Amino acid sequence: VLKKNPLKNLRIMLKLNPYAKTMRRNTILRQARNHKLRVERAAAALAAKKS
Amino acid sequence: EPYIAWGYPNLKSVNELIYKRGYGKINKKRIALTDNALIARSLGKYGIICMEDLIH
Amino acid sequence: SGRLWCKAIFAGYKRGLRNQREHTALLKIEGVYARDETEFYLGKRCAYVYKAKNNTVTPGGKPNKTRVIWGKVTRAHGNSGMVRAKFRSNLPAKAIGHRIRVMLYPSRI
Amino acid sequence: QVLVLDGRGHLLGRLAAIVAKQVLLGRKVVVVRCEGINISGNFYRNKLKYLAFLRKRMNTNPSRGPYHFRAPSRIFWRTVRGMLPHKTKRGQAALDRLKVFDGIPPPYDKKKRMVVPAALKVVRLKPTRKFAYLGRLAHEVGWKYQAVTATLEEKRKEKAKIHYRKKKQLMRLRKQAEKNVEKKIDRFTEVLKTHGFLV
Amino acid sequence: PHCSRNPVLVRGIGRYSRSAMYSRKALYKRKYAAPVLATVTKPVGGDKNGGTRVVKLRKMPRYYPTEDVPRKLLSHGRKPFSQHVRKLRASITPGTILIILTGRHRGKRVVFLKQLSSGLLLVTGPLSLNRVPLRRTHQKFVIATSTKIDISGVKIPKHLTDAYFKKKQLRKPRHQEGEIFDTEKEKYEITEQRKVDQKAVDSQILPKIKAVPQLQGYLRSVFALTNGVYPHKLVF
RNA sequence: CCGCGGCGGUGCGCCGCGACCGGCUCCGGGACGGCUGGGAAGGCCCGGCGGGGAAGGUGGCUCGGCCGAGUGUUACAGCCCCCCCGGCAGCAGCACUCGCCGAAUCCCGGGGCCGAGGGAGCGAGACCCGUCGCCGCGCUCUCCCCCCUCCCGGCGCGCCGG
RNA sequence: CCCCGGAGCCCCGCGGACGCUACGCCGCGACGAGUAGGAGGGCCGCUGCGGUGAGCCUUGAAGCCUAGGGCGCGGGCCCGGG
RNA sequence: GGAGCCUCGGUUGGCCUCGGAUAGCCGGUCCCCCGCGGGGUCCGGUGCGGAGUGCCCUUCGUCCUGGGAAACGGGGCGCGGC
Ligand SMILES: [Mg+2]
Ligand SMILES: [Mg+2]
Ligand SMILES: [Mg+2]
């Protein structure tokens, strides 16, 4: 068998450890969530600067 | 001492070493841990049944 | 109607001091002198273009005396904007200090 | 396609280093006004250093032994020869590109000639340090033609001063010409300073 | 035949879960309680005396070779070119300008029209200006200049596709041996449909290009590297 | 013979592309943790409390046109600085890159390079072939609705019905 | 709730390779300096004998020579022409 | 002017002050001295050098016709003199 590297090859990671799927589903969403919230702070800071 | 570098590995270090370069000793043949069927077959008599268990 | 290739000199082979590794040319591309200025040129087609006694064929052309050895700039070689190449055959050594043409045409631009 | 480098104000080995690599990469170079090359370290220092080199001779037959060239051009050639693989074919080919002159003769006396600022004395030396003109050095070790090389260069500088005066005269008329014409080159001259010249 | 009830988050990661999907797809309520010899398989025909005849579709062969190669190994993810996904440098947008680097139309400047099915570019340096017709090119042998014409509302013919811009001639046998056979034929003739297509397209572009001052003259000109100017330094 | 139909091996010679995987080397983005629950900073200013350099000051002298410039002395604050009490949201290892250590507290996208190396179909009336494990999903055998609209159909480019 | 001379097959215990010179064939790991010295294998090479090739040979053997074509890691070998 | 072996490298040009560096470059002299220039003083500009090699010059499709701005410039390996 060829060793596909788990850390690059998503489905190999999942084969060896299926809980990866969730862990990576979280920490896309989590990071997006927080990225949105940073824009919202930045918009409030611009509004406070305009005021 | 003057023949080695060593110290206290991170969590991530234990993962990266095990996933990228994790090879079983399975009937004395270095064999790459491609599935848990390998780990289990050998270490399952200890409650260790997957890569994750191994890391823990 | 003019020149569609950037000039470069064949520096010589990739080599240690006392072991030259002939399978890898080094290429001093004209006008670039920083392992910085040289991400343009990575993966570009390059021609050692030379002529010889007997005639040859020529793609979309009548038989000629010019011949070429094609190659490809692979990676940047040391700080001062030299570049590594690798050619479909190794370069002659006759070639040292002569032109090789670095094309534009595997472009990412 | 050819370097011409005014060897004045440069440093002997410092210039030679740079010239060697140019020459090895197939660049044809010319090095001019070699007597004007100047060598770090106080004069006397370097005279002895040369005089030592003179002492080096093949005892049994000097006629074979290390040929000590006097002319500053040949000296500078010697030091560039010391930084090439000149026993090889490629090394010998390399030197054949290099072309050195005491003073500045007729092809290159009407060519603009560069200056290697990485070999230049004003840059590479502390101002309180001492140095030697390779001319003086050459002269005292037996170079025959200092004075001749001086008398020919006074001609050249006089001849050149004239050229510059005429050049200046054109430049001046050209500055006047633009001012004469600057309503019928106005919407050209505008576009050459949107993309950022003329400023 | 509903679409994908979870969207894509990342290639290979759906937005939702197993559990959200069970509720979305509604596996609750969608529970499916469900508890040769004589007769010849596939031959059969007609025929006269004696009776009817049983033929055999796909009849076993009349020659076996002495040795032959033995299968392969399935191999997972190896699509044919047609089923491939097609990329495009973000630089190259419709109605942008290219410098075609390789062919006979070499260094010539051009307008980009569309990416065909293939993944090739469709191109026109309006035949009129440049002497470059409706023509395919590759992303990879083209420099995407930072100069655009606004080409939005030009109806490029639907019928012009990869399949049309495709070389044509030459079949197998004929007289063959001697000093003849398809060394002649000689010329690719332009055809009239091709000329009509060009005429139609160029007119929509050609006004649009002109609106930009000097652009036609730029599109006449040819690109080439002079002294002191290095690709890596300059921009296009 | 024309089909280049289906499968199998191939290319005369020189070429190029494409996508998939392996191993690399880079690039660009973002999201987090911990600390003297970071240190400094910024911003708003208020009330005090001292100390220092040394000042819109004064003074000896000098240099220029009462003013500007250059030294010198005692030193308050009307140039600042520093300590001490008390209090505000703007901070955030901060693109005002002033000084860290990291990642189950971590992800995404992109470029250059080298390589593909194996071959679980040799049945006589019924495949010359899939595929194992993993991902999920996606779909359906459940009904709903909404939108956009590509093909086609209808009505007035617009609207309505795969 | 039935029989493979017919379930149609990813498993088939009814019969079994394209494969099986079993001194054969195939798969997984690991490793590979070497004098003196030791051992193994040489479808490497020379000359003669018993067998054996219904071998080859005046329609040209051996040897010799060859900027001809190849094979083998190599000892060597095979073909073309003379 | 025609063919025809061979040896190759090349793939816009740059037709120039002198020099300085704890300094330079350009102007213009109203004014003075020397042989249109040279030297001086004075004044006015530039100086991380735009009268910049971080530069300049040159253009890179061919033709047609029928307007504008620019317009006497280019050529005939055009021809004789200084
Ligand atoms: Mg050994
Ligand atoms: Mg031995
Ligand atoms: Mg050529």
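In this analysis, Cβ positions are derived from the backbone assuming ideal geometry, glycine residues included, and neighbour counts consider all displayed protein chains. We did not get these values from a lab; they are worked out from the coordinates using the rules stated.
Points worth noting:
- The residue that is surrounded by the fewest Cβ atoms within 10 Å (Cβ to Cβ), among those in region E:60-111 that are within 16 Å of RNA strand H (Cβ to nearest atom) and more than 11 Å from every other protein chain (Cβ to nearest Cβ), is E:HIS105.
- Number of positions in region D:31-52 that are surrounded by fewer than 23 Cβ atoms within 10 Å (Cβ to Cβ) and within 8 Å of the chain's Cα centre (by Cα): 1
- Only residues that are within 14 Å of another protein chain (Cβ to nearest Cβ) and more than 16 Å from RNA strand H (Cβ to nearest atom) were counted in region C:12-44, giving 13.
- Residues that are closer than 13 Å to C:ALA47 by Cβ and away from every other protein chain (no Cβ under 14 Å) were ranked within region C:58-78; the one that is nearest to RNA strand H (Cβ to nearest atom) is C:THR66.
- If the condition is being within 14 Å of another protein chain (Cβ to nearest Cβ) and closer than 20 Å to E:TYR164 by Cβ, then region E:113-131 contributes only E:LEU121.
- Given (1) loosely packed, with under 10 Cβ neighbours inside 10 Å; (2) within 10 Å of another protein chain (Cβ to nearest Cβ); (3) more than 16 Å from RNA strand G (Cβ to nearest atom), number of the condition A:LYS49 does not satisfy: (2)
- Count of region B:5-40 residues which are within 14 Å of RNA strand F (Cβ to nearest atom), more than 11 Å from chain A (Cβ to nearest Cβ) and more than 10 Å from the chain's Cα centre (by Cα): 7
- Taking the criterion of being away from ligand 3 (no atom under 16 Å from the Cβ) and basic (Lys, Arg), the residues of region C:65-109 that qualify are C:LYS72, C:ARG75, C:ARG84, C:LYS86, C:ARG88, C:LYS94, C:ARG108.
- Within region E:9-43, the set of residues being under 30 Å from E:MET60 (Cβ atoms) and not hydroxyl-bearing (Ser, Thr, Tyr) comprises E:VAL36, E:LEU37, E:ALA38, E:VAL40, E:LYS42, E:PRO43.
- Residues that are charged (D, E, K, R) and loosely packed, with under 10 Cβ neighbours inside 10 Å within region E:7-28 comprise E:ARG11, E:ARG18, listed in sequence order.
- With a requirement of 3 or more residues that are surrounded by fewer than 16 Cβ atoms within 10 Å (Cβ to Cβ) and not hydroxyl-bearing (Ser, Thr, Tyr), the helices (runs of 4 or more DSSP H) lying completely within chain B that satisfy it span B:11-21, B:36-43.
- Residue tally, condition more than 14 Å from chain C (Cβ to nearest Cβ), more than 21 Å from E:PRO94 (Cβ to Cβ) and not polar (S, T, N, Q), over region E:184-236: 12
- Identity of the residue in region E:114-133, touching a strand residue (DSSP E or B) at 6+ places or on another chain (Cβ under 8 Å) and more than 15 Å from E:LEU219 (Cα to Cα), that ends up surrounded by the fewest Cβ atoms within 10 Å (Cβ to Cβ): E:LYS114
- Each residue in region D:17-47 was checked for being more than 13 Å from RNA strand H (Cβ to nearest atom) and assigned to a strand (DSSP E or B), and 4 pass.
- Count of region E:39-59 residues which are among the basic types (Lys, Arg), more than 15 Å from RNA strand G (Cβ to nearest atom) and surrounded by 10 or more Cβ atoms within 10 Å (Cβ to Cβ): 1
- Condition check for D:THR79 on (1) among the hydroxyl-bearing types (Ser, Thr, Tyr); (2) assigned to a loop (DSSP other than H, G, I, E, B); (3) closer than 30 Å to C:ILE9 by Cβ: one failure, at (2).
- Qualifying helices (runs of 4 or more DSSP H) (wholly inside region D:99-199; at least 1 residues being in contact with an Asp or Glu (Cβ under 6 Å, 6 or more places away or on another chain)): D:134-141, D:146-181
For every residue, the table says whether it meets (1) within 16 Å of ligand 3 (Cβ to nearest atom); (2) surrounded by fewer than 17 Cβ atoms within 10 Å (Cβ to Cβ); (3) aromatic (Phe, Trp, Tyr); (4) under 21 Å from D:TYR44 (Cα atoms).
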residue: D:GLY103; (1), (2), (3), (4): no, no, no, no
residue: D:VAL123; (1), (2), (3), (4): no, yes, no, no
residue: D:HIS139; (1), (2), (3), (4): no, no, no, yes
residue: D:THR151; (1), (2), (3), (4): no, yes, no, no
residue: D:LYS155; (1), (2), (3), (4): no, yes, no, no
residue: D:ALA160; (1), (2), (3), (4): no, yes, no, no
